[PDB]
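Enquirer: See final14.csv below, with CSV, C-alpha atoms and all ligand atoms.
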chain,number,residue,atom,x,y,z
A,1,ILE,CA,80.2,124.9,-32.5
A,2,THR,CA,84.0,124.6,-32.7
A,3,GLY,CA,85.1,124.1,-36.3
A,4,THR,CA,86.8,125.8,-39.2
A,5,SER,CA,85.3,128.6,-41.2
A,6,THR,CA,84.0,127.6,-44.7
A,7,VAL,CA,82.1,129.1,-47.6
A,8,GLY,CA,79.0,127.4,-48.9
A,9,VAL,CA,76.8,128.3,-51.8
A,10,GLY,CA,73.0,128.1,-52.2
A,11,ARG,CA,69.8,129.7,-53.4
A,12,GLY,CA,67.6,132.0,-51.5
A,13,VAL,CA,63.8,132.2,-51.4
A,14,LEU,CA,63.6,134.2,-54.6
A,15,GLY,CA,65.9,131.8,-56.5
A,16,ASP,CA,69.0,133.9,-56.4
A,17,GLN,CA,72.4,132.2,-55.8
A,18,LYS,CA,74.6,133.5,-53.0
A,19,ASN,CA,77.6,132.5,-51.0
A,20,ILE,CA,77.2,131.9,-47.2
A,21,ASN,CA,79.6,131.7,-44.4
A,22,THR,CA,79.5,128.3,-42.7
A,23,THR,CA,81.5,126.2,-40.2
A,24,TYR,CA,82.7,122.7,-40.8
A,25,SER,CA,82.9,120.0,-38.1
A,26,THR,CA,81.6,116.7,-39.5
A,27,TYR,CA,78.7,118.7,-41.0
A,28,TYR,CA,78.6,122.2,-42.5
A,29,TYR,CA,76.6,124.4,-40.2
A,30,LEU,CA,75.0,127.8,-40.8
A,31,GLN,CA,77.4,129.5,-38.5
A,32,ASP,CA,79.2,132.6,-39.8
A,33,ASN,CA,82.4,133.2,-37.8
A,34,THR,CA,83.4,136.3,-39.8
A,35,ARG,CA,81.1,138.7,-38.0
A,36,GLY,CA,81.3,139.4,-34.3
A,37,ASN,CA,80.8,136.4,-32.1
A,38,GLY,CA,78.9,134.7,-34.9
A,39,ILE,CA,75.7,134.5,-36.8
A,40,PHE,CA,73.8,131.2,-36.2
A,41,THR,CA,70.8,130.0,-38.2
A,42,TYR,CA,68.5,127.2,-36.9
A,43,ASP,CA,65.8,124.9,-38.2
A,44,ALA,CA,62.6,125.1,-36.2
A,45,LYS,CA,61.2,122.2,-38.4
A,46,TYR,CA,57.6,123.6,-38.6
A,47,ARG,CA,57.3,123.5,-34.8
A,48,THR,CA,57.3,126.3,-32.3
A,49,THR,CA,60.0,125.2,-29.9
A,50,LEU,CA,63.0,127.6,-30.2
A,51,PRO,CA,65.6,127.8,-31.4
A,52,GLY,CA,65.4,124.3,-32.8
A,53,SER,CA,68.6,122.7,-34.1
A,54,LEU,CA,71.6,124.6,-35.6
A,55,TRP,CA,71.3,124.2,-39.3
A,56,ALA,CA,73.4,121.2,-40.5
A,57,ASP,CA,74.2,120.3,-44.1
A,58,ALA,CA,76.2,117.4,-45.4
A,59,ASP,CA,77.9,119.0,-48.4
A,60,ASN,CA,77.9,122.9,-48.0
A,61,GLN,CA,75.5,123.3,-50.9
A,62,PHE,CA,72.2,124.8,-50.1
A,63,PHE,CA,70.0,124.5,-53.2
A,64,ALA,CA,67.1,122.5,-51.8
A,65,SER,CA,63.7,124.2,-51.5
A,66,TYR,CA,63.8,123.5,-47.8
A,67,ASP,CA,67.2,125.3,-47.5
A,68,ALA,CA,66.1,128.6,-49.1
A,69,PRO,CA,64.6,130.4,-46.1
A,70,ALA,CA,67.7,129.5,-44.1
A,71,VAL,CA,70.1,130.8,-46.8
A,72,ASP,CA,68.4,134.2,-46.8
A,73,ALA,CA,68.0,134.5,-43.0
A,74,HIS,CA,71.7,133.8,-42.6
A,75,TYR,CA,72.9,136.0,-45.5
A,76,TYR,CA,70.7,139.0,-44.7
A,77,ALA,CA,71.6,138.9,-41.1
A,78,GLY,CA,75.2,139.3,-42.3
A,79,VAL,CA,74.3,142.3,-44.5
A,80,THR,CA,72.4,143.8,-41.5
A,81,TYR,CA,75.4,143.3,-39.2
A,82,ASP,CA,77.6,144.9,-41.8
A,83,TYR,CA,75.3,147.9,-42.1
A,84,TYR,CA,75.3,148.6,-38.4
A,85,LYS,CA,79.1,148.1,-38.1
A,86,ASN,CA,80.2,150.0,-41.2
A,87,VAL,CA,77.6,152.8,-41.1
A,88,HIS,CA,77.0,153.3,-37.4
A,89,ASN,CA,80.1,151.7,-35.7
A,90,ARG,CA,77.7,149.4,-33.8
A,91,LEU,CA,78.9,145.9,-33.2
A,92,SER,CA,75.8,143.6,-33.3
A,93,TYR,CA,72.5,144.4,-31.6
A,94,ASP,CA,74.0,144.9,-28.1
A,95,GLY,CA,77.0,146.9,-29.3
A,96,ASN,CA,79.3,144.2,-27.9
A,97,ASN,CA,79.1,141.6,-30.7
A,98,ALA,CA,76.4,139.4,-29.3
A,99,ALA,CA,75.8,136.3,-31.3
A,100,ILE,CA,73.0,136.7,-33.7
A,101,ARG,CA,70.5,133.8,-33.8
A,102,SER,CA,67.7,133.1,-36.2
A,103,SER,CA,65.2,130.3,-36.6
A,104,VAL,CA,63.4,129.5,-39.9
A,105,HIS,CA,60.5,127.1,-40.7
A,106,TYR,CA,58.7,128.4,-37.6
A,107,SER,CA,55.3,126.8,-37.2
A,108,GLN,CA,53.0,126.0,-40.2
A,109,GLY,CA,51.7,128.6,-42.6
A,110,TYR,CA,53.0,131.3,-40.3
A,111,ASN,CA,52.4,134.8,-41.8
A,112,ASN,CA,54.9,136.7,-39.6
A,113,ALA,CA,58.4,137.1,-38.3
A,114,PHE,CA,59.5,138.5,-34.9
A,115,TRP,CA,62.2,139.1,-32.3
A,116,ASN,CA,61.3,137.0,-29.3
A,117,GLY,CA,63.5,138.8,-26.8
A,118,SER,CA,66.6,136.6,-27.7
A,119,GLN,CA,66.5,135.7,-31.4
A,120,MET,CA,64.9,136.3,-34.7
A,121,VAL,CA,62.1,133.9,-35.8
A,122,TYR,CA,60.7,133.5,-39.4
A,123,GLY,CA,57.5,131.9,-40.6
A,124,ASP,CA,57.3,130.3,-44.0
A,125,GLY,CA,54.0,132.1,-44.8
A,126,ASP,CA,51.0,130.3,-46.1
A,127,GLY,CA,51.9,130.9,-49.8
A,128,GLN,CA,49.1,133.4,-50.2
A,129,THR,CA,49.7,136.3,-47.8
A,130,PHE,CA,53.5,135.6,-47.5
A,131,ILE,CA,56.2,133.3,-48.9
A,132,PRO,CA,59.1,132.6,-46.4
A,133,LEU,CA,59.6,135.9,-44.8
A,134,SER,CA,63.4,135.8,-44.6
A,135,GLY,CA,63.3,136.3,-48.3
A,136,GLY,CA,63.0,140.1,-47.7
A,137,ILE,CA,66.1,141.9,-46.7
A,138,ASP,CA,64.0,144.7,-45.3
A,139,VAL,CA,62.1,142.1,-43.2
A,140,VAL,CA,65.3,140.6,-41.8
A,141,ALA,CA,66.7,144.0,-41.0
A,142,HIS,CA,63.4,145.0,-39.5
A,143,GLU,CA,63.6,142.1,-37.1
A,144,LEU,CA,67.2,142.6,-36.1
A,145,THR,CA,66.5,146.3,-35.5
A,146,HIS,CA,63.9,145.3,-32.9
A,147,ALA,CA,66.9,143.8,-31.0
A,148,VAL,CA,68.8,147.1,-31.4
A,149,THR,CA,65.9,149.1,-30.1
A,150,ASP,CA,65.4,146.7,-27.1
A,151,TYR,CA,69.1,147.2,-26.1
A,152,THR,CA,69.0,151.0,-26.6
A,153,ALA,CA,65.9,153.1,-26.3
A,154,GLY,CA,63.8,150.2,-25.1
A,155,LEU,CA,60.6,151.6,-26.6
A,156,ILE,CA,57.6,149.9,-24.9
A,157,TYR,CA,55.7,147.9,-27.6
A,158,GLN,CA,52.3,149.7,-27.4
A,159,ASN,CA,50.7,153.0,-28.3
A,160,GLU,CA,53.0,155.8,-29.4
A,161,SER,CA,56.2,154.4,-28.2
A,162,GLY,CA,55.4,151.1,-29.9
A,163,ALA,CA,54.6,152.8,-33.2
A,164,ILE,CA,58.0,154.5,-32.9
A,165,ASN,CA,59.5,151.1,-32.2
A,166,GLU,CA,57.9,149.8,-35.4
A,167,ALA,CA,58.9,152.8,-37.5
A,168,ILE,CA,62.5,152.5,-36.4
A,169,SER,CA,62.4,148.9,-37.6
A,170,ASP,CA,60.9,149.9,-41.0
A,171,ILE,CA,63.3,152.8,-41.4
A,172,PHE,CA,66.4,150.8,-40.7
A,173,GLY,CA,65.0,147.8,-42.7
A,174,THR,CA,64.7,150.2,-45.6
A,175,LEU,CA,68.1,151.7,-45.1
A,176,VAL,CA,69.7,148.2,-45.0
A,177,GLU,CA,67.8,147.4,-48.2
A,178,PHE,CA,69.3,150.5,-49.8
A,179,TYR,CA,72.7,149.5,-48.4
A,180,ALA,CA,72.6,146.2,-50.2
A,181,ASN,CA,71.3,148.1,-53.3
A,182,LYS,CA,69.2,145.3,-54.9
A,183,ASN,CA,65.8,146.7,-56.0
A,184,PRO,CA,65.7,149.1,-53.1
A,185,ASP,CA,62.5,151.1,-52.4
A,186,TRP,CA,60.6,152.7,-49.5
A,187,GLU,CA,58.1,149.8,-49.4
A,188,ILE,CA,58.1,147.2,-46.7
A,189,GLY,CA,58.1,143.4,-47.4
A,190,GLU,CA,57.4,143.6,-51.1
A,191,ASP,CA,59.7,140.7,-51.9
A,192,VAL,CA,57.8,138.2,-49.8
A,193,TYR,CA,54.2,139.6,-49.6
A,194,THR,CA,51.3,138.3,-51.7
A,195,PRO,CA,53.1,136.3,-54.4
A,196,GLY,CA,49.9,136.3,-56.5
A,197,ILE,CA,49.7,140.1,-56.6
A,198,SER,CA,52.4,142.2,-58.2
A,199,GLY,CA,53.4,145.7,-57.2
A,200,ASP,CA,52.0,145.7,-53.7
A,201,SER,CA,53.6,145.5,-50.2
A,202,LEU,CA,52.8,145.2,-46.6
A,203,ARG,CA,53.4,148.8,-45.8
A,204,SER,CA,54.5,151.9,-47.7
A,205,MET,CA,56.8,154.6,-46.1
A,206,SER,CA,56.4,156.9,-49.1
A,207,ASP,CA,52.6,156.7,-49.1
A,208,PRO,CA,51.4,154.8,-46.0
A,209,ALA,CA,47.7,155.6,-46.8
A,210,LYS,CA,47.9,153.4,-49.9
A,211,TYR,CA,47.3,150.5,-47.4
A,212,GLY,CA,45.1,152.4,-45.0
A,213,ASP,CA,47.9,153.5,-42.6
A,214,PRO,CA,47.8,157.1,-41.4
A,215,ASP,CA,50.1,159.7,-42.9
A,216,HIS,CA,49.2,162.4,-40.4
A,217,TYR,CA,48.8,162.6,-36.6
A,218,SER,CA,45.1,163.6,-37.0
A,219,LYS,CA,44.5,160.2,-38.6
A,220,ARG,CA,46.1,158.1,-35.8
A,221,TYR,CA,44.5,155.0,-34.5
A,222,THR,CA,43.5,155.1,-30.8
A,223,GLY,CA,41.9,151.7,-30.3
A,224,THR,CA,43.3,148.6,-28.7
A,225,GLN,CA,44.0,146.3,-31.7
A,226,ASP,CA,47.6,145.6,-32.6
A,227,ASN,CA,48.9,146.8,-29.2
A,228,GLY,CA,47.3,150.2,-29.8
A,229,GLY,CA,48.1,150.3,-33.6
A,230,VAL,CA,51.9,149.8,-33.5
A,231,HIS,CA,51.9,148.6,-37.1
A,232,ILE,CA,49.4,151.2,-38.2
A,233,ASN,CA,50.5,154.5,-36.5
A,234,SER,CA,54.1,153.7,-37.6
A,235,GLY,CA,52.9,155.2,-40.9
A,236,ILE,CA,53.0,158.6,-39.4
A,237,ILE,CA,56.7,158.3,-38.4
A,238,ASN,CA,57.5,156.4,-41.6
A,239,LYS,CA,56.1,159.2,-43.7
A,240,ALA,CA,58.1,161.8,-41.7
A,241,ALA,CA,61.3,159.8,-42.2
A,242,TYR,CA,60.6,159.4,-45.9
A,243,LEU,CA,60.1,163.2,-46.2
A,244,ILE,CA,63.3,164.0,-44.3
A,245,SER,CA,65.2,161.8,-46.8
A,246,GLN,CA,63.4,162.4,-50.0
A,247,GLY,CA,61.5,165.6,-49.6
A,248,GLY,CA,58.1,166.5,-50.8
A,249,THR,CA,55.0,168.6,-50.1
A,250,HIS,CA,52.5,166.8,-47.9
A,251,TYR,CA,49.2,168.4,-46.7
A,252,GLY,CA,50.6,171.6,-48.1
A,253,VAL,CA,53.9,171.5,-46.1
A,254,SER,CA,57.1,171.4,-48.1
A,255,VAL,CA,60.1,169.5,-46.9
A,256,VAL,CA,63.6,169.8,-48.3
A,257,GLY,CA,65.1,166.3,-48.6
A,258,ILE,CA,68.5,165.7,-47.1
A,259,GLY,CA,69.1,162.1,-48.2
A,260,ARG,CA,69.1,158.6,-46.7
A,261,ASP,CA,72.5,158.7,-45.1
A,262,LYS,CA,71.7,161.8,-43.0
A,263,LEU,CA,68.2,160.4,-42.2
A,264,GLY,CA,70.0,157.3,-40.8
A,265,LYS,CA,72.5,159.3,-38.8
A,266,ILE,CA,69.8,161.4,-37.3
A,267,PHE,CA,67.5,158.5,-36.4
A,268,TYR,CA,70.4,156.3,-35.1
A,269,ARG,CA,71.5,159.1,-32.8
A,270,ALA,CA,67.9,159.7,-31.6
A,271,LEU,CA,67.5,156.0,-31.0
A,272,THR,CA,70.7,155.6,-29.0
A,273,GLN,CA,71.1,158.9,-27.2
A,274,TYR,CA,67.7,160.5,-26.7
A,275,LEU,CA,64.7,158.1,-26.9
A,276,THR,CA,63.5,156.3,-23.8
A,277,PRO,CA,61.1,153.4,-23.2
A,278,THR,CA,58.1,155.8,-22.9
A,279,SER,CA,58.9,158.3,-25.7
A,280,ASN,CA,55.9,159.6,-27.6
A,281,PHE,CA,55.7,161.1,-31.1
A,282,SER,CA,56.3,164.7,-29.8
A,283,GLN,CA,59.3,163.5,-27.8
A,284,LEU,CA,60.6,161.7,-31.0
A,285,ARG,CA,60.4,165.0,-32.8
A,286,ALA,CA,62.4,166.7,-30.1
A,287,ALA,CA,65.0,163.8,-30.1
A,288,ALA,CA,65.4,164.1,-33.9
A,289,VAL,CA,65.7,167.8,-33.8
A,290,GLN,CA,68.4,167.6,-31.1
A,291,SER,CA,70.2,164.8,-32.9
A,292,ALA,CA,70.3,166.8,-36.1
A,293,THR,CA,71.5,169.8,-34.1
A,294,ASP,CA,74.3,167.8,-32.6
A,295,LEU,CA,75.4,166.4,-36.0
A,296,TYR,CA,74.9,169.4,-38.3
A,297,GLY,CA,74.3,172.6,-36.2
A,298,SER,CA,71.3,174.5,-35.1
A,299,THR,CA,71.1,176.7,-38.2
A,300,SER,CA,71.5,173.7,-40.6
A,301,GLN,CA,69.3,172.6,-43.4
A,302,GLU,CA,69.2,169.2,-41.7
A,303,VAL,CA,67.5,170.6,-38.6
A,304,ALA,CA,65.1,172.7,-40.7
A,305,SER,CA,64.1,169.7,-42.7
A,306,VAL,CA,63.5,167.5,-39.6
A,307,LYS,CA,61.1,170.3,-38.3
A,308,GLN,CA,59.4,170.5,-41.7
A,309,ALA,CA,58.8,166.8,-41.9
A,310,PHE,CA,57.3,166.5,-38.4
A,311,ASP,CA,55.1,169.6,-39.2
A,312,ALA,CA,53.9,167.9,-42.4
A,313,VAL,CA,52.7,164.9,-40.4
A,314,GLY,CA,51.1,167.0,-37.7
A,315,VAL,CA,53.6,166.2,-34.9
A,316,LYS,CA,54.6,169.2,-32.7
B,401,LIG,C1,50.5,144.0,-39.5
B,401,LIG,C2,50.9,142.5,-40.0
B,401,LIG,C3,52.4,142.2,-40.0
B,401,LIG,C4,52.6,140.7,-40.5
B,401,LIG,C5,53.0,142.4,-38.6
B,401,LIG,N1,54.4,142.1,-38.6
B,401,LIG,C6,55.4,142.9,-39.0
B,401,LIG,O1,55.2,144.1,-39.5
B,401,LIG,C7,56.8,142.4,-38.9
B,401,LIG,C8,57.1,141.6,-40.2
B,401,LIG,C9,57.1,142.4,-41.5
B,401,LIG,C10,58.3,143.4,-41.6
B,401,LIG,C11,57.1,141.5,-42.8
B,401,LIG,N2,57.0,141.5,-37.8
B,401,LIG,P1,57.2,142.2,-36.2
B,401,LIG,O2,58.6,142.0,-35.7
B,401,LIG,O3,56.8,143.6,-36.3
B,401,LIG,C12,56.0,141.2,-35.3
B,401,LIG,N3,56.0,141.7,-33.9
B,401,LIG,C13,55.6,140.9,-32.9
B,401,LIG,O4,55.5,139.7,-33.0
B,401,LIG,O5,55.7,141.4,-31.7
B,401,LIG,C14,55.0,140.7,-30.6
B,401,LIG,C15,56.1,140.1,-29.6
B,401,LIG,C16,56.6,138.8,-29.9
B,401,LIG,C17,57.6,138.3,-29.1
B,401,LIG,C18,57.9,138.9,-27.9
B,401,LIG,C19,57.4,140.2,-27.6
B,401,LIG,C20,56.4,140.7,-28.5
B,402,CA,CA,73.3,120.3,-49.1
B,403,CA,CA,62.8,146.2,-52.8
B,404,CA,CA,61.5,147.2,-49.4
B,405,CA,CA,52.8,140.9,-53.8
B,406,ZN,ZN,58.2,145.0,-36.1
Once you've parsed the file, please lay out its structure as structure tokens.

Expert:
Amino acid sequence: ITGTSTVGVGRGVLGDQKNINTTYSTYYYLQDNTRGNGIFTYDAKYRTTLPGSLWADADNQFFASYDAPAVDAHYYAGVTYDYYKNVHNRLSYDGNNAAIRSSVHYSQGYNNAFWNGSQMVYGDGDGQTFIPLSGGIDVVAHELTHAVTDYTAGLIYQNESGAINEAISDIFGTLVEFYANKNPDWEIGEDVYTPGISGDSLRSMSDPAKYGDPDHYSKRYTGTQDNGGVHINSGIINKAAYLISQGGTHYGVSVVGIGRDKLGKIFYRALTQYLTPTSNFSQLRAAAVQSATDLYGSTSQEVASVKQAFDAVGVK
């Protein structure tokens, strides 16, 4: 909407206060004009029609319980935008400052979040498996990263390409979490998963097997559930990424860590220059090796570490 840029204040899902960029025209709207062609957050009002209505508020204060998922979807979309722009020189998900749209309060008791081809969508959870999912910065960045993937590599959402698609979202979700630097970790969704259970998470990148996800190609799922295991086999690539960054010895194979920033550069380049819609795990290894070669040189530690990590997870 046309209006003037304003700064509201509110509380997120976890009870933390933050400032949010809004737009004033009669109401204060969750419309951040400070980034690209805007970040827009919508109320789906417990229904499944999308996007719903652009979030309107009378006083620019967002401290109601109902406001919390909107505050976080809006704010964490901003952090994710900043990560891609500042770290990778990428302007929004399409590289041309496309407007970023999110809807919260999607459906009832909805234990998921997704990119629907055009926008991000967040359930509130059922209060048992999840609380409102936009409360996780890794979750928000995971969703926006699906848009990035769809505009770039275009990895088909099934089987190996789909597991790469998933891992890319977990990797960048995690790198954005580290970028914001509030309780960062290599776990996925810990801030919004299972409020009655401390210390767990939806997935682990550092040890995928702790939740039954494979950490080696020989343990990959080959059935038809979950689009051929896209949220399961992602563990193999998540583990490789974790090893590239942090190092470790895994099934007897030692990997020298090169740090998060270099992991991000290598995978961003692979995603945007080398991967295609049908890339499999072996082709991802080749893409990562070539990306590291471009960035650091064929004889570099970075290239050697990429090879070690994929060796460790059984991907040749
Ligand atoms: C394995 C269970 C979990 C909840 C699956 N969902 C997830 O891992 C994450 C959310 C996490 C980060 C909290 N959501 P996601 O974006 O991967 C859900 N994906 C999914 O809905 O795709 C299916 C889809 C939807 C719309 C258009 C085309 C395809
Ligand atoms: Ca208000
Ligand atoms: Ca965390
Ligand atoms: Ca996390
Ligand atoms: Ca929990
Ligand atoms: Zn996903």

Enquirer: Using only C-alpha atoms, which residue out of A:218, A:158, A:194, A:246 lies closest to residue 279 in chain A?

Expert: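 Of all the options, A:158 lies closest to residue 279 in chain A.
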
Enquirer: Quick one: residues within 6 Å of range 287-300 of chain A, all atoms listed in the file counted, chain neighbours fewer than 3 positions away excluded, as a list in words?

Expert: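 In the requested form, the answer reads residues 266, 269, 270, 274, 284 and 303 of chain A.
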
Enquirer: Smallest atom-to-atom distance to ligand CA 405 (chain B): which of A:132, A:196, A:154, A:247, using only C-alpha atoms and all ligand atoms?

Expert: A:196

Enquirer: Which residue gives the smallest distance to residue 37 in chain A among A:78, A:15, A:184, A:136, with all atoms listed in the file counted?

Expert: A:78

Enquirer: Please list as an MDAnalysis selection string every residue within 12 Å of residue 225 in chain A, counting all atoms listed in the file and excluding residues in the same chain fewer than 5 positions away.

Expert: chainID A and resid 158:159 230:233

Enquirer: Here is a test: counting all atoms listed in the file, which residue of A:34, A:17, A:107, A:4 is nearest to residue 72 in chain A?

Expert: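 Of all the options, A:17 lies closest to residue 72 in chain A.
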
Enquirer: For ligand ZN 406 (chain B), which residue among A:168, A:180, A:205, A:14 is the nearest when counting all atoms listed in the file?

Expert: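 Among A:168, A:180, A:205, A:14, it is A:168 that comes nearest to ligand ZN 406 (chain B).
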
Enquirer: Counting only C-alpha atoms and all ligand atoms, what are the residues of chain A within 10 Å of ligand CA 404 (chain B), and for each of them which pair of atoms is the nearest and at what distance in Å, to one decimal? Sort the table by chain and rising number, as a tab-separated table.

Expert:
residue	atom	partner	partner_atom	distance
A:136	CA	B:CA404	CA	7.5
A:137	CA	B:CA404	CA	7.5
A:138	CA	B:CA404	CA	5.4
A:139	CA	B:CA404	CA	8.1
A:170	CA	B:CA404	CA	8.8
A:171	CA	B:CA404	CA	9.9
A:173	CA	B:CA404	CA	7.6
A:174	CA	B:CA404	CA	5.8
A:175	CA	B:CA404	CA	9.1
A:176	CA	B:CA404	CA	9.4
A:177	CA	B:CA404	CA	6.4
A:178	CA	B:CA404	CA	8.5
A:182	CA	B:CA404	CA	9.7
A:183	CA	B:CA404	CA	7.9
A:184	CA	B:CA404	CA	5.9
A:185	CA	B:CA404	CA	5.0
A:186	CA	B:CA404	CA	5.6
A:187	CA	B:CA404	CA	4.3
A:188	CA	B:CA404	CA	4.3
A:189	CA	B:CA404	CA	5.5
A:190	CA	B:CA404	CA	5.7
A:191	CA	B:CA404	CA	7.2
A:192	CA	B:CA404	CA	9.7
A:201	CA	B:CA404	CA	8.1
A:202	CA	B:CA404	CA	9.4
A:203	CA	B:CA404	CA	9.0
A:204	CA	B:CA404	CA	8.6
A:205	CA	B:CA404	CA	9.4

Enquirer: Give the residues close to ligand LIG 401 (chain B), within 6 Å, counting all atoms listed in the file; write them as a compact mmCIF listing (two decimals) with C-alpha atoms, in the frame of the given file.

Expert:
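Final file, pocket_8.txt:
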# COMPACT_ATOMS: atom_id res chain seq x y z
CA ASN A 112 54.90 136.70 -39.60
CA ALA A 113 58.40 137.10 -38.30
CA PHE A 114 59.50 138.50 -34.90
CA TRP A 115 62.20 139.10 -32.30
CA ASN A 116 61.30 137.00 -29.30
CA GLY A 117 63.50 138.80 -26.80
CA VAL A 139 62.10 142.10 -43.20
CA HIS A 142 63.40 145.00 -39.50
CA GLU A 143 63.60 142.10 -37.10
CA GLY A 189 58.10 143.40 -47.40
CA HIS A 231 51.90 148.60 -37.10

Enquirer: Can you work out the spacing between CA of residue 223 in chain A and CA of residue 163 in chain A in Å, to one decimal?

Expert: 13.1 Å

Enquirer: Quick one: residues within 7 Å of ligand CA 402 (chain B), with all atoms listed in the file, as a list in words?

Expert: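 After applying the 7 Å limit, what remains is residues 57, 58, 59, 60, 61, 62 and 63 of chain A.
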
Enquirer: Using C-alpha atoms, can you write the selected residues to a file as a tab-separated table (two decimals), keeping the file's coordinate frame?

Expert:
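Okay, this is what ended up in part.tsv:
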chain	number	residue	atom	x	y	z
A	57	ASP	CA	74.20	120.30	-44.10
A	58	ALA	CA	76.20	117.40	-45.40
A	59	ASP	CA	77.90	119.00	-48.40
A	60	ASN	CA	77.90	122.90	-48.00
A	61	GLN	CA	75.50	123.30	-50.90
A	62	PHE	CA	72.20	124.80	-50.10
A	63	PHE	CA	70.00	124.50	-53.20

Enquirer: Would you please work out which residue, of A:165, A:199, A:251, A:237, is nearest to ligand CA 403 (chain B) when using all atoms listed in the file?

Expert: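 Smallest distance to ligand CA 403 (chain B) is found for A:199.
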
Enquirer: Please indicate the distance in Å from CA of residue 92 in chain A to CA of residue 65 in chain A, rounded to one decimal place.

Expert: 29.2 Å

Enquirer: Just to confirm, what's the straight-line distance from CA of residue 148 in chain A to CA of residue 234 in chain A in Å (one decimal)?

Expert: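 CA of residue 234 in chain A lies 17.3 Å from CA of residue 148 in chain A.
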
Enquirer: Just add N, CA and C atoms to range 154-167 of chain A and send it as a short mmCIF file (atom, residue, chain, number, x, y, z; two decimals), in the coordinates of the input.

Expert:
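Done, and the output landed in rebuild-v4.cif:
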data_model
loop_
_atom_site.label_atom_id
_atom_site.label_comp_id
_atom_site.auth_asym_id
_atom_site.auth_seq_id
_atom_site.Cartn_x
_atom_site.Cartn_y
_atom_site.Cartn_z
N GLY A 154 64.69 151.08 -25.89
CA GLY A 154 63.80 150.20 -25.10
C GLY A 154 62.34 150.57 -25.23
N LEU A 155 61.96 151.18 -26.35
CA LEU A 155 60.60 151.60 -26.60
C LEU A 155 59.56 150.54 -26.30
N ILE A 156 58.67 150.82 -25.36
CA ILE A 156 57.60 149.90 -24.90
C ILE A 156 56.71 149.59 -26.15
N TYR A 157 56.35 148.33 -26.34
CA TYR A 157 55.70 147.90 -27.60
C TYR A 157 54.17 148.10 -27.54
N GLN A 158 53.74 149.34 -27.33
CA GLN A 158 52.30 149.70 -27.40
C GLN A 158 52.17 151.16 -27.59
N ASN A 159 51.04 151.54 -28.18
CA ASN A 159 50.70 153.00 -28.30
C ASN A 159 51.79 153.75 -29.04
N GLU A 160 52.04 155.00 -28.66
CA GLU A 160 53.00 155.80 -29.40
C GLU A 160 54.41 155.29 -29.40
N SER A 161 54.89 154.90 -28.23
CA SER A 161 56.20 154.40 -28.20
C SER A 161 56.38 153.13 -29.03
N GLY A 162 55.33 152.31 -29.08
CA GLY A 162 55.40 151.10 -29.90
C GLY A 162 55.33 151.37 -31.37
N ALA A 163 54.60 152.41 -31.77
CA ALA A 163 54.60 152.80 -33.20
C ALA A 163 55.96 153.40 -33.57
N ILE A 164 56.63 154.10 -32.66
CA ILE A 164 58.00 154.50 -32.90
C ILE A 164 58.92 153.32 -33.08
N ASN A 165 58.78 152.36 -32.17
CA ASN A 165 59.50 151.10 -32.20
C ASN A 165 59.39 150.48 -33.62
N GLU A 166 58.14 150.34 -34.06
CA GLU A 166 57.90 149.80 -35.40
C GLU A 166 58.49 150.62 -36.51
N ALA A 167 58.31 151.93 -36.46
CA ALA A 167 58.90 152.80 -37.50
C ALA A 167 60.38 152.69 -37.57
#
